[PDB]
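Shown next: data-v2.txt, given as compact mmCIF, C-alpha atoms and all ligand atoms.
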```
# COMPACT_ATOMS: atom_id res chain seq x y z
CA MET A 1 -42.47 220.74 -10.97
CA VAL A 2 -40.78 218.21 -13.32
CA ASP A 3 -40.34 215.48 -10.71
CA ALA A 4 -42.99 212.96 -11.83
CA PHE A 5 -41.22 212.80 -15.27
CA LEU A 6 -37.92 211.73 -13.72
CA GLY A 7 -36.68 208.20 -14.08
CA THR A 8 -36.19 205.46 -16.66
CA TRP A 9 -38.93 204.82 -19.20
CA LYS A 10 -39.33 202.11 -21.84
CA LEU A 11 -41.35 202.31 -25.06
CA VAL A 12 -44.43 200.06 -25.00
CA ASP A 13 -46.64 201.46 -27.83
CA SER A 14 -46.12 203.60 -30.91
CA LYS A 15 -48.60 205.12 -33.35
CA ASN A 16 -47.69 206.97 -36.56
CA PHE A 17 -43.94 207.19 -35.91
CA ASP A 18 -43.21 206.38 -39.55
CA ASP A 19 -45.43 209.30 -40.61
CA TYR A 20 -43.51 211.60 -38.26
CA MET A 21 -40.09 210.44 -39.39
CA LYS A 22 -41.10 210.64 -43.06
CA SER A 23 -42.36 214.22 -42.54
CA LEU A 24 -38.91 215.11 -41.13
CA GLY A 25 -37.22 213.63 -44.24
CA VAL A 26 -35.79 210.53 -42.57
CA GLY A 27 -34.76 207.95 -45.18
CA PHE A 28 -36.63 204.69 -45.61
CA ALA A 29 -33.86 202.47 -44.22
CA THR A 30 -33.61 204.51 -40.99
CA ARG A 31 -37.38 204.48 -40.69
CA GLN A 32 -37.33 200.62 -41.02
CA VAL A 33 -34.94 200.19 -38.19
CA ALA A 34 -36.53 202.83 -35.96
CA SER A 35 -40.01 201.26 -36.45
CA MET A 36 -38.75 198.16 -34.60
CA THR A 37 -36.66 199.60 -31.78
CA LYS A 38 -37.99 200.23 -28.30
CA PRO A 39 -35.92 203.01 -26.82
CA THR A 40 -35.26 203.70 -23.18
CA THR A 41 -35.65 207.36 -22.12
CA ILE A 42 -33.88 208.46 -18.92
CA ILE A 43 -34.80 211.84 -17.43
CA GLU A 44 -32.69 213.13 -14.51
CA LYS A 45 -32.27 216.47 -12.77
CA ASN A 46 -29.46 218.13 -10.91
CA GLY A 47 -30.68 221.44 -9.58
CA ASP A 48 -32.02 223.49 -12.50
CA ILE A 49 -30.42 221.21 -15.12
CA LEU A 50 -32.34 218.36 -16.72
CA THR A 51 -30.66 215.63 -18.72
CA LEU A 52 -32.70 213.51 -21.13
CA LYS A 53 -31.05 210.40 -22.58
CA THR A 54 -32.61 208.25 -25.29
CA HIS A 55 -30.96 204.86 -25.76
CA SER A 56 -31.57 202.12 -28.27
CA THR A 57 -29.85 199.45 -30.32
CA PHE A 58 -29.80 201.89 -33.24
CA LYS A 59 -29.35 205.49 -32.09
CA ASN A 60 -28.48 207.18 -28.84
CA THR A 61 -28.96 210.82 -27.90
CA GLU A 62 -28.43 212.98 -24.83
CA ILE A 63 -29.41 216.57 -24.13
CA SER A 64 -29.00 218.76 -21.06
CA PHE A 65 -30.98 221.94 -20.57
CA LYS A 66 -32.54 224.37 -18.15
CA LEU A 67 -36.30 224.80 -18.47
CA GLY A 68 -37.13 227.94 -20.37
CA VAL A 69 -33.61 228.52 -21.73
CA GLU A 70 -32.81 227.89 -25.40
CA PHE A 71 -30.12 225.33 -26.24
CA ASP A 72 -28.52 223.99 -29.40
CA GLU A 73 -29.39 220.38 -30.22
CA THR A 74 -28.37 217.87 -32.88
CA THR A 75 -31.23 215.42 -33.18
CA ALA A 76 -31.14 211.65 -33.72
CA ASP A 77 -31.79 212.27 -37.44
CA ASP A 78 -28.93 214.87 -37.57
CA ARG A 79 -31.03 218.07 -37.66
CA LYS A 80 -29.19 221.05 -36.08
CA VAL A 81 -31.98 222.81 -34.19
CA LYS A 82 -32.65 225.57 -31.64
CA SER A 83 -34.56 223.98 -28.76
CA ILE A 84 -36.43 225.03 -25.65
CA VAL A 85 -38.20 222.87 -23.08
CA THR A 86 -40.87 224.22 -20.73
CA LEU A 87 -43.73 223.01 -18.52
CA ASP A 88 -47.16 223.89 -19.86
CA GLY A 89 -50.31 222.56 -18.24
CA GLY A 90 -48.18 220.01 -16.41
CA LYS A 91 -46.76 218.72 -19.72
CA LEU A 92 -43.10 218.84 -20.63
CA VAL A 93 -43.06 220.66 -24.02
CA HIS A 94 -39.94 220.52 -26.16
CA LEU A 95 -39.94 222.81 -29.21
CA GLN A 96 -37.29 222.45 -31.94
CA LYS A 97 -36.77 225.12 -34.63
CA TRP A 98 -34.60 224.90 -37.77
CA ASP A 99 -34.81 226.30 -41.30
CA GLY A 100 -38.06 228.04 -40.36
CA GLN A 101 -39.66 224.63 -39.46
CA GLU A 102 -40.79 223.53 -36.04
CA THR A 103 -41.56 220.29 -34.34
CA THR A 104 -42.96 219.72 -30.86
CA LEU A 105 -42.28 216.79 -28.55
CA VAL A 106 -44.90 216.92 -25.76
CA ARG A 107 -44.71 214.58 -22.78
CA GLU A 108 -47.78 214.10 -20.54
CA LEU A 109 -48.27 211.67 -17.61
CA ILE A 110 -51.56 209.80 -17.91
CA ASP A 111 -52.33 207.25 -15.25
CA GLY A 112 -48.58 206.74 -14.58
CA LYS A 113 -47.55 206.27 -18.23
CA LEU A 114 -45.59 208.86 -20.13
CA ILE A 115 -47.26 209.79 -23.40
CA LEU A 116 -44.99 211.46 -25.95
CA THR A 117 -46.78 213.28 -28.76
CA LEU A 118 -44.56 214.26 -31.72
CA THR A 119 -45.95 216.75 -34.24
CA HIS A 120 -44.32 217.96 -37.48
CA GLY A 121 -46.26 219.25 -40.44
CA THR A 122 -49.56 217.40 -40.30
CA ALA A 123 -48.02 214.24 -38.81
CA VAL A 124 -48.94 213.40 -35.22
CA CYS A 125 -47.25 210.45 -33.54
CA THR A 126 -48.09 209.10 -30.09
CA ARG A 127 -45.61 206.98 -28.20
CA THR A 128 -46.27 205.46 -24.83
CA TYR A 129 -43.60 204.86 -22.27
CA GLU A 130 -43.86 202.90 -19.02
CA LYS A 131 -41.68 203.47 -15.99
CA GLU A 132 -38.90 201.12 -15.03
CA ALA A 133 -38.41 200.31 -11.35
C1 LIG B 201 -36.35 212.21 -33.91
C2 LIG B 201 -36.40 211.75 -32.51
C3 LIG B 201 -37.50 210.83 -32.18
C4 LIG B 201 -37.60 210.41 -30.74
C5 LIG B 201 -38.60 209.41 -30.41
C6 LIG B 201 -38.68 208.96 -28.97
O1 LIG B 201 -38.02 209.54 -28.09
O2 LIG B 201 -39.44 207.96 -28.72
```

Write-out of the structure in structure tokens:
Amino acid sequence: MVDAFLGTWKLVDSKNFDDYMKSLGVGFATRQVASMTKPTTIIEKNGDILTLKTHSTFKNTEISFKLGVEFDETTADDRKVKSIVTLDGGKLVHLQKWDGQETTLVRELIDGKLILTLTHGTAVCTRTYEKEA
């Protein structure tokens, strides 16, 4: 079910990431740096457990989860959130909840590229990742 998402992915395009970060309350200096990094996202499975790593020159994160089972997460911008990841329409949908707010991180494969759509408030960011061999 998740298998076409698995592997190593590199950022090759980003639209509206500053809007998304600003909506989350990320400070201007962090937004500066993050507007110029190109993270690598590694998605691996072991049985029912998925691990999603995001690596860059600035920030690194790692989460492990089972689809459909809530987990605690501390995000790159230090939000302590309640998270759940599921498949919906073939998309990997990651919902974070904190302080009554929500954000969604939706990953879709389109013509072999991984398109990550980040929504918080009215801000909608689209980031495109291409697979590494
Ligand atoms: C606040 C976290 C943002 C993650 C952006 C990305 O994985 O490209």

Test item: residues no farther than 9 Å from ligand LIG 201 (chain B), counting only C-alpha atoms and all ligand atoms, as a list in words
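Residues lying within 9 Å of ligand LIG 201 (chain B): residues 11, 14, 17, 20, 21, 24, 26, 34, 38, 39, 40, 41, 53, 54, 55, 61, 75, 76, 77, 78, 79, 105, 116, 118, 126, 127, 128 and 129 of chain A.
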
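Of the listed residues A:60, A:101, A:68, A:42, the one whose atoms come nearest to residue 80 (chain A) is A:101, with distances taken using only C-alpha atoms.
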
Pick from A:99, A:32, A:104, A:85 nearest to residue 49 (chain A), counting only C-alpha atoms:
A:85

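Reported to one decimal place, the separation of CA of residue 124 (chain A) from CA of residue 12 (chain A) is 17.4 Å.
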
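In this structure, CA of residue 57 (chain A) sits 13.8 Å away from CA of residue 31 (chain A).
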
Using only C-alpha atoms, can you tell me which of A:131, A:96, A:90, A:121 comes closest to residue 6 (chain A)?
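Among the listed residues, A:131 lies closest to residue 6 (chain A).
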
Can you list, as a list in words, every protein, DNA or RNA residue that comes within 12 Å of residue 48 (chain A) when you count all atoms listed in the file, leaving out same-chain residues fewer than 4 positions away?
residues 1, 2, 3, 44, 64, 65, 66, 67, 68 and 69 of chain A

Just the residues within 10 Å of residue 95 (chain A), please, counting all atoms listed in the file, with nothing from its chain fewer than 3 positions along; format it as JSON, numbers by chain.
{"A": [70, 81, 82, 83, 84, 85, 86, 92, 102, 103, 104, 105, 106, 119]}

Mind dumping the selected residues with C-alpha atoms as a PDB file, keeping the file's coordinate frame?
```pdb
ATOM      1  CA  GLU A  70     -32.810 227.890 -25.400  1.00  0.00           C
ATOM      2  CA  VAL A  81     -31.980 222.810 -34.190  1.00  0.00           C
ATOM      3  CA  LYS A  82     -32.650 225.570 -31.640  1.00  0.00           C
ATOM      4  CA  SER A  83     -34.560 223.980 -28.760  1.00  0.00           C
ATOM      5  CA  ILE A  84     -36.430 225.030 -25.650  1.00  0.00           C
ATOM      6  CA  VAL A  85     -38.200 222.870 -23.080  1.00  0.00           C
ATOM      7  CA  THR A  86     -40.870 224.220 -20.730  1.00  0.00           C
ATOM      8  CA  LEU A  92     -43.100 218.840 -20.630  1.00  0.00           C
ATOM      9  CA  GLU A 102     -40.790 223.530 -36.040  1.00  0.00           C
ATOM     10  CA  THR A 103     -41.560 220.290 -34.340  1.00  0.00           C
ATOM     11  CA  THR A 104     -42.960 219.720 -30.860  1.00  0.00           C
ATOM     12  CA  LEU A 105     -42.280 216.790 -28.550  1.00  0.00           C
ATOM     13  CA  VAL A 106     -44.900 216.920 -25.760  1.00  0.00           C
ATOM     14  CA  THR A 119     -45.950 216.750 -34.240  1.00  0.00           C
TER      15      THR A 119
END
```

Edge lengths and centre in Å to one decimal, as lines of an AutoDock Vina configuration file, is what I'm after for the box along x, y and z that holds all listed atoms of region 36-49 of chain A once 5 Å is added on each side.
```
center_x = -34.1
center_y = 210.8
center_z = -22.1
size_x = 19.3
size_y = 35.3
size_z = 35.0
```

State, in Å with one decimal place, the distance from CA of residue 16 (chain A) to CA of residue 29 (chain A).
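Atom-to-atom, CA of residue 16 (chain A) to CA of residue 29 (chain A), that is 16.4 Å.
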
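Among the candidate residues A:4, A:63, A:97, A:18, the one lying nearest to residue 112 (chain A) is A:4, with distances computed using only C-alpha atoms.
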